[PDB]
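Take a look at this single chain in structure tokens; it is the form deposited in one PDB entry.
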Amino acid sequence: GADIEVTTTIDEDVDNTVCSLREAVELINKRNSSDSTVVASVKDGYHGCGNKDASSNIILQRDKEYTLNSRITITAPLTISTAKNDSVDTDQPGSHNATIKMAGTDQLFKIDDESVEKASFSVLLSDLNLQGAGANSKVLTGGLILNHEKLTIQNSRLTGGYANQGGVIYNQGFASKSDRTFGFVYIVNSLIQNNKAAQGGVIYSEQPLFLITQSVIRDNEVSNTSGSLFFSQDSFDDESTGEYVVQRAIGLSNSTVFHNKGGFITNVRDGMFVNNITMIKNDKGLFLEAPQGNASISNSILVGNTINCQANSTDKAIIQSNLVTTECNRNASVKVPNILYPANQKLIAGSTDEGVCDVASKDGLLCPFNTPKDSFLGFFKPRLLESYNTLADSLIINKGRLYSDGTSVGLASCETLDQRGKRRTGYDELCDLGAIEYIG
């Protein structure tokens, strides 16, 4: 039909009338091949997979678990998503997503054109459950995906990513030179859970080439206590890192990060940004190594961790308008200061970090983590502890604001949306610290 519709849940490569996920990808690979003998071999489909429109969209059915016995190499631009039409669409979002699970010890995908100079293509993975080999993983690099192209993952679950480097994704590629073959990873509205690596617990990127937004990062580990979940191997060769940070294209935003183990969450280099995240109840938080001063951490909650922040002796990262302890207040601007966390201030309004919220508790900034029925990702809900006359003394609510200044002040500007996609400054002029805008 219009799209390539997979008609089986088993990993097959047999010429017949049933189309598998592997044969669907290989159809798009052979279609984009340079050998006309290969392109002509798929002029009428491949081993059961086909579509009249001849686009590169692979459709998986809802609530189906698709099994892979080994990785699949993607060498052409394509999309893999779950069926859209409900065929009554009032269920919990994220449910009815197709599942791509590993039946052996290998990774799920490798995304690379296998050639030099050939500019990077694009790949979209939407509304999927990517489940790796977990403790059975023999993957060295990229427990779920080994990426060398421009990859965009949305509305997905990323679990089971076990490797030595890059639990979920090993992002390969260098961007500082004239090489456009780099890999970029953009993850939005997703759940990163139960992933482990010796370095790069979630993403191992050779350069700061990732952007995580509106996502939830929980229960992940990097075994090296000096490593990070979102690791950047090398830094940019002064490729105007100040230009990289004003665009806010590399880093973490509108994301809840908690219950992660081992090393830091990420190593902040020049060109990266952190805005409107809630980073609580982790082993280690942010490691700061921005020698040129072209990095911004703003509007975030950076408390409740065993080590909230740690810095290299030559770091000049800008920390503005955050709820931090003393060790993360690098003061930065006087016009955009940070909000220091009061000693002995209760953080969670409950007996656990996840569960029911003591809605009668006069103290406690955040409710315990909870996933609402109308949403796919949970969060720590902010609570109003101050009166209207004393709202200026609140540690979270109405403490951020849009600046649009162009200098260091603009780096502390609010995010337009929050983790749930709600507009922070649509109906007002201020925003609330953390990943969630206070709505009630």
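Note that the rigid core is defined as the largest set of C-alphas that superpose within 1.5 Å between two forms. All residue numbers refer to positions in the sequence shown, first residue = 1.
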(request) Using what the record says, work out whether there is a hole in the model between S87 and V88 and how many deposited residues it spans (none, 1 to 3, 4 to 9, 10 or more). (result) 1 to 3
(request) On mean C-alpha B-factor from the PDB entry, just flag whether 250-258 or 236-244 is the higher one. (result) 236-244
(message) Please compare 59-67 with 30-38 and name the stretch with the higher mean C-alpha B-factor in the deposited structure.
(response) 30-38
(request) Quick one: which of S228, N195, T181, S126 shows the highest Cα temperature factor in the PDB entry? (result) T181
(request) Choose from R218, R157, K335, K281 the residue with the greatest Cα B-factor as stated in the PDB record. (result) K335
(request) Among all modelled residues of this chain, ranked by Cα B factor, put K101 in the bottom, middle or top third, i.e. lowest, middle or highest. (result) lowest
(message) Using only modelled residues of the chain, where does the Cα B factor of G400 rank: lowest third, middle third or highest third?
(response) middle
(message) Split into thirds by Cα B-factor across the chain's modelled residues, where does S296 land: lowest, middle or highest?
(response) middle
(request) Sorting the chain's modelled residues by C-alpha B-factor, tell me whether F210 ends up in the lowest, middle or highest third. (result) lowest
(request) Relative to the other modelled residues of the same chain, rank the CA B-factor of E149 and answer lowest, middle or highest third. (result) middle
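FYI, the form deposited in another entry isn't displayed, but the following is about it.
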(request) State yes or no: after fitting on the rigid core, is the Cα displacement of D13 between the shown form and the other one at least 2 Å? (result) no
(message) Superposed on the rigid core, does the Cα of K118 end up 2 angstroms or more away between the shown form and the other one?
(response) yes
(message) When the rigid core is used for the superposition, does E386 move between the shown form and the other one (threshold: C-alpha shift of 2 Å or more)?
(response) yes
(request) Work out whether the Cα atoms of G426 and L395 come closer together or move farther apart in the other form than they are in this form, the change being 3 angstroms or more. (result) closer
(message) Relative to what's shown here, the Cα pair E117 and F174 differs by 3 Å or more in the other form. Does it come closer or drift farther?
(response) farther
